[PDB]
Amino acid sequence: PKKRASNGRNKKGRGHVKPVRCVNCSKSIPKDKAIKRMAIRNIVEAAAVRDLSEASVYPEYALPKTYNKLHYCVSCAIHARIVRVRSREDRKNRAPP
Amino acid sequence: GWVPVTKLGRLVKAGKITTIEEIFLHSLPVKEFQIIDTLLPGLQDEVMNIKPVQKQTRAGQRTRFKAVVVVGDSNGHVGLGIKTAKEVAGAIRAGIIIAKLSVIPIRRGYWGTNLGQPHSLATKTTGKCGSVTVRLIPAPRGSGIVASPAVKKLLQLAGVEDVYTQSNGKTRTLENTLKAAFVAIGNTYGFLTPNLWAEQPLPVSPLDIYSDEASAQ
Amino acid sequence: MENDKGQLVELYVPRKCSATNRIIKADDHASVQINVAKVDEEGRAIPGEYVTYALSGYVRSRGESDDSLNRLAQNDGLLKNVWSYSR
Amino acid sequence: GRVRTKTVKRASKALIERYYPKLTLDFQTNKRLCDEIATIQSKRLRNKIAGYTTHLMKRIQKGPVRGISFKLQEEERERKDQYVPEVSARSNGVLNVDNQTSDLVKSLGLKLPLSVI
Amino acid sequence: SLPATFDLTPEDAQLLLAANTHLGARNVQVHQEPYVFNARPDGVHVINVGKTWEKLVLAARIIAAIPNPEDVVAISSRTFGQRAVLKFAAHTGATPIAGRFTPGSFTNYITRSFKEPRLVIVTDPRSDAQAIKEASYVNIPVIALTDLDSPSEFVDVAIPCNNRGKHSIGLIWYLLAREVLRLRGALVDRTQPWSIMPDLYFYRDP
Amino acid sequence: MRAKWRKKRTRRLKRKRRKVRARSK
Amino acid sequence: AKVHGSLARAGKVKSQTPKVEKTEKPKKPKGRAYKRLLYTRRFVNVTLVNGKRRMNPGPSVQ
Amino acid sequence: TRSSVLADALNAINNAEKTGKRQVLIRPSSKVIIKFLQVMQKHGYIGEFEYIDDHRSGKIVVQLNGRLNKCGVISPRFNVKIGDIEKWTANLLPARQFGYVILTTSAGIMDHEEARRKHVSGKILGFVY
Amino acid sequence: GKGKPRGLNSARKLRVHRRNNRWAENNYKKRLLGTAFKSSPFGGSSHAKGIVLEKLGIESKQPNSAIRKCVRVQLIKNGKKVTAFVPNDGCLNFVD
RNA sequence: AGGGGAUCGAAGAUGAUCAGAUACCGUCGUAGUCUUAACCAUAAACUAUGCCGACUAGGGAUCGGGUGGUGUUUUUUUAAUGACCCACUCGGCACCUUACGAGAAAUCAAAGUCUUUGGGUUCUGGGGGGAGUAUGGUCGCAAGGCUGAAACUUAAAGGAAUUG
Ligand SMILES: [Mg+2]
Ligand SMILES: [Mg+2]
Ligand SMILES: [Mg+2]
Ligand SMILES: [Mg+2]
Ligand SMILES: [Mg+2]
Ligand SMILES: [Mg+2]
Ligand SMILES: [Mg+2]
Ligand SMILES: [Mg+2]
Ligand SMILES: [Mg+2]
Ligand SMILES: [Mg+2]
Ligand SMILES: [Mg+2]
Ligand SMILES: [Mg+2]
Ligand SMILES: [Mg+2]
Ligand SMILES: [Mg+2]
Ligand SMILES: [Mg+2]
Ligand SMILES: [Mg+2]
Ligand SMILES: [Mg+2]
Ligand SMILES: [Mg+2]
Ligand SMILES: [Mg+2]
Ligand SMILES: [Mg+2]
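Residues numbered from 1 in each chain as written, not as in the entry; some residues may be left out. Chains lettered and ligands numbered in written order. Part of a larger assembly, values for the part shown. Heavy atoms only, no water. Residues with missing side-chain atoms left out of burial classes, pairs and counts.

## What about the overall build of chain H?
Counting secondary structure elements, chain H contains 4 helices and 6 strands. N-terminal to C-terminal, the α/β element order of chain H is α-β-α-β-β-β-α-β-α-β. Its C-alpha radius of gyration of 14 Å places chain H within 12% of the 14 Å reference for a compact globule of 129 residues. Viewed in the frame of its principal axes, chain H has a C-alpha envelope of about 40 × 30 × 25 Å. (Helix = DSSP H or I, 4+ residues; strand = E, 2+ residues; numbered from the N terminus. Rg over C-alpha atoms; globule rule 2.2 N^0.38 Å.)

And the structure:
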């Protein structure tokens, strides 16, 4: 029987959309599916701001950031515990953490 | 000796209500099995089945007995008890209690010429309990209760004389057949025919006439 | 339920809902009987004599137990300008 | 880990509910009381019990405890729950009103002090 | 039926405007719309007092007629309305139900809270649903305090207060009791107010 | 065996048969 | 299957069951006679029971 | 497309009674609707109906009164010989001692009760009980 | 509703369509393909007579075990070679 | 068939892994991947849910259109017009609660208005195998598509849910 009433993830009013490549699995999965995160960080991490904000030129400066929109896939989005097997009802909760 | 914890229980033991219909008419949630024992003695029980069932302990297995009892006079009131426990003997009697608490009324009727004392049902009725659906159909005199031995017996205690049937679904699961047969006869008083079309003005509920008489310690 | 020689058979004659006039079931344990006190000249309520409505399992279950009572209240003269037929 | 079992607590809640003002915050005396007002099979339990119902006490006299109530407190709540001030409603400068709530009274047949918004 | 005295009187009415009973929710709900008077600017709802009053009267009357005044279970799990239902219990007989309902009250004998009443009053159909739902298992009429967004299910005669808070929940309970005393019992002269305060019915904590 | 491959099988049979037969026109 | 099995032991048992002659006894009544012999028995006098009334036991309980 | 108009109407009527409602709006007022509504109203299964003039085809507001279990149509409007009228009533009426199947005979739209009296038979329309 | 045609004129379809769908009915189909006559080792006939060829020790299926006794038969009318089961104990010596 | 052939990459080749490893992983690479003209007609071509017509219950977002609002925000002075707000209301993509009702259940605003069995209408199924097989026919350059048996065989095959 049907596990998910949305089947995969949102279709409804399309029937097909272009797929992408699982950022780590190197797989392939339609854009409508596929777990997604927006990986922003600092160039020089946290511990290093000391040596960095000190041993430079420029007043204080302004730390740069990286912008990587990850596309995972149920295979490697589970393995990397990006998501996980929530209980029967728990599954319904579309609510973001 | 019987000690009524219920309000309806008191007024019955205390002779303030003496008839069964007095409870149906006012639609009163019966809780004590002693009530219907008093209001309705000369009752009869027929034990329908004893079909043991099984499962698990947190390792191996669980295994008990399942009993089916119908109770009835032969006159308009009938009930169904399904109970399963650790003993045959006790889960039987256990049901005769749950049977009685379930006693329901019948609008028995005529197939045609209303010549003295109904011989059938009001109208066509029908019950369901998953898959099985039994249908009850009025009948001429001399005919009989045309049904499967189970249903018939339930329709015997129901006190029916002549009725036709048309059961559909897995008639073989005894428990589910009987329940819907019950569900059927318990629906006769459900049908608003033009006999009952008139207007009466609503009795006041004996839970308020002898209200002073009833209430708690 | 008459018969041959007009005798009254049929072991019991069901009440009837007042918001639909549909038979009040023998096991309709969501059906109910409201009893409204009839007053006398100024204030004093009267034991014994009350105004009485009777609502059904179905009507009540679907939330229509307020509108239907009010409808029935104004009507038998228990209320004034609370429920308004036309809407 | 020291977790007093139910059989202890179920009796501490039981001695307080019965014999309250005959008890006190002390351990030693309460221990003696149990020999009179109760019956306990073992000496160690007796104390184990005594030592809990005496724990409750020291916070009973600090603020009531959830499942537990006795006589001398039950009217002490009836005392506090009878306060009634000068009044509130009252009216401190007519009846301050909003819009259409005025139209509500305007079309109701009532006098009433007024105010707009 | 009911004479000219039972008319509303802006003596009373003022307490209702003062207690802010006339202030309703921003979700009208299909069944409560008869009680709507009209809508405020900047999203509020104005309820109709003459209806709340008239209801209350009928409520008050239905409270009466009931013979033994002690099997009339008046419930609030809700904080605000809890203190009130203790007081309503004081005045008219009425076994109250403060705080937890303990599922298995009306159905299931054996329990030590087997109130088997013949009327239930409720303060808030939401937070007291288990109270309502269970009452509808065993043939029991139900008086209830509604707002505008309220569970109309298995409640008869609804009294549209505010129940959101302030003193509406007390006042309506106060007046409720006040009127079931002016109804039969011992108050008489339904024209004269009461030595009893309104703030006798409110909250606490502090 | 997998419905997909059991098809491939029955397709393989059919051609060999198509061939064994036309070994006599 | 295997279709040639051993025809050798064609009729073992019935060819080696102890002969025992069927004992003589008085002939039973025939016709209406018989069906009377049932009625007057099977429920007129009744015999041994159990709580359900049995039919053909032997050693019984005891 | 709309195909029965009558059945469309009795549907609404039926659906209305079930859901506890005691009034229906109907589209679109046909004459067959009316007589049907009449023969119903006679035996008591409905209140009074009030036709509405749109400059179109019509509307009807019927007053309901509990006591209606099922009205309903039997499409296709079958032929009925006169000795077969019993075969229907037997088939689709709850009991011998009441309920109504209504026809359409060349005499007019009547119930099977009346049709029996005039000794006419036609083509079946529907039922009431 | 109901998915079939309801009309007063669809009697054409209504009857023809069952004549179609009758063909999934096994016995109807056997009766109308005359399999009875053609395929069966009898004629269709109730009984049939033939001569004995050999005797077989047909071993029983699972989960039993024995050697069911059987003869091979040359059907007279048919020429059809068919094996039959000899029933009851040691009857297989009544036949040669 | 011609063009194009960056990429990735069936075949194949190679390096490892393994008892074996024709695989998975690594590298190399044909066809292919793009296109143009022709073919092919099939996918879990999915909502595993025919189409039109009516009816039965609430809640809120959002898309398109329209409507009403001595609304908000816009010029250098507050009118236009732009967006934005609120209410309405058609026609959408969906969601939420609910469950009167239905269902074997899972569940369903239809999968409801069905033993109180009929609005119109197309299509398909009738235990499991044998088998999408054989045979004829037909369309295709081909691969194949469409059409489609029986002999014989078998008591289960199968669904949803529950407990281990
Ligand atoms: Mg697709
Ligand atoms: Mg896709
Ligand atoms: Mg079915
Ligand atoms: Mg296999
Ligand atoms: Mg292939
Ligand atoms: Mg051979
Ligand atoms: Mg290779
Ligand atoms: Mg290995
Ligand atoms: Mg290979
Ligand atoms: Mg070509
Ligand atoms: Mg296909
Ligand atoms: Mg539609
Ligand atoms: Mg459910
Ligand atoms: Mg039904
Ligand atoms: Mg078949
Ligand atoms: Mg191929
Ligand atoms: Mg077997
Ligand atoms: Mg499958
Ligand atoms: Mg399964
Ligand atoms: Mg499991």
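## Things to note about the pattern of salt bridges
Within this structure, the stated rule accounts for 29 salt bridges over all chains. Note that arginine 107 of chain B and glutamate 10 of chain C form a salt bridge whose closest N and O atoms lie 2.5 Å from each other. In this pair, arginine 107 of chain B is assigned in the loop between β5 (104-105) and β6 (108-109) and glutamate 10 of chain C in the segment before β1 (32-39), connecting two distinct chains. Note on accessibility: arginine 107 of chain B and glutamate 10 of chain C belong to one class, buried. A salt bridge links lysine 80 of chain C to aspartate 7 of chain E; its shortest N-O distance comes to 3.0 Å. Here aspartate 7 of chain E lies in the segment before α1 (10-18) and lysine 80 of chain C lies in the segment after α2 (67-75), a pairing that spans two chains. Taking relative accessible area as the criterion, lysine 80 of chain C reaches 41% and is therefore assigned partly exposed. Salt bridges here are not isolated pairs; linked through shared partners, they connect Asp12, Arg178, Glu179, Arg182 and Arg190 of chain E. (Salt bridge = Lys/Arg side-chain N within 4 Å of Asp/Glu carboxyl O. Buried < 20%, exposed > 50% of the residue type's maximum accessible area, 1.4 Å probe, protein only.)

## What about the interface of chain E and chain C?
Facing the 38 residues of chain E at the interface are 37 residues of chain C. With 6 residues, the top contributor of residues to the side of chain E that touches chain C is helix α2 (residues 49-63) of chain E. (Contact = heavy atoms within 4.5 Å.)

## Section: helix α3 (residues 85-92) of chain H
Residue and element names in this part refer to chain H. Along α3, the positions that sit buried rather than exposed are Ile85, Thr89 and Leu92. Looking down the long axis of α3, one finds its buried residues gathered within 95° of arc, a one-sided arrangement. Every exposed residue of α3 that faces more than 90 degrees away from the buried side is listed here: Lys87 and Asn91. Summarising the contacts, the buried residues of α3 are in contact with β5 (100-102), α4 (112-118) and β6 (126-128). (Arc of directions from axis to C-beta.)

## Quick look at the interface of chain C and chain B
A common way to express how large an interface is: the accessible area buried when the components associate. Between chain C and chain B, the contact holds 25 residues from the first and 34 residues from the second. Buried surface at the junction of chain C and chain B, both sides included, amounts to about 2500 Å², of which 59% is carbon and sulfur. Contact with chain B buries surface across chain C, with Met1, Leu11 and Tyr12 of chain C losing the most and accounting together for 25% of the total. The interface formed by chain C and chain B includes 1 salt bridge. Where chain C touches chain B, the interface holds 11 residue pairs in polar contact. Looking at the side of chain C that touches chain B, the element that brings in the most residues is strand β2 (residues 45-55) of chain C, giving 4 residues. Along the lines of polarity and charge, the residues of the side of chain C that touches chain B split into 12 nonpolar, 6 polar and 7 charged. (Buried area = accessible area lost by both parts, 1.4 Å probe. Polar contact = N/O pair within 3.5 Å; in protein donor to acceptor, adjacent residues only side chain to side chain. Nonpolar A, V, L, I, M, F, W, Y, C, P; charged D, E, K, R; others polar.)

## Digging into a nonpolar patch on the surface
Residue and element names in this part refer to chain A. A cluster of nonpolar side chains, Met38, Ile40 and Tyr67, forms an exposed patch at the surface whose accessible area comes to about 370 Å². The residue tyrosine 67 is located in strand β4 (residues 65-71) in this model. The class of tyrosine 67 is exposed, set by a relative accessible area of 62%. (Patch = residues over 30% accessible without salt bridge, like charges linked within 9 Å, V, L, I, M, F, W, Y side chains within 5 Å. Areas by Shrake-Rupley, 256 points an atom, 1.4 Å probe, with all protein chains shown as cover.)

## Regarding the sheet that holds strand β7 (residues 142-146) of chain E
All names here are of chain E. Pairing is parallel in the open sheet, where 5 strands are placed in the order β5-β4-β6-β7-β8. Pairing within the sheet leaves two strands with one partner each, and these edge strands are β5 (96-98) and β8 (158-160). Here the average twist between neighbouring strands, direction ignored, is 15°. Pairing between strand β4 (residues 73-76) and strand β6 (residues 120-122): 3 bridges, direction parallel. Looking across to β6, one finds that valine 73 is bridged to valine 120. Contacts from α2 reach β6, β7 and β8, with the element oriented near 145° to β8. (Pairing = 2+ DSSP bridges. Axes fitted to C-alpha atoms, helices over the stretch in contact; angles between N-to-C directions.)

Take it as geometry only, folks, not as evidence of what the structure does.
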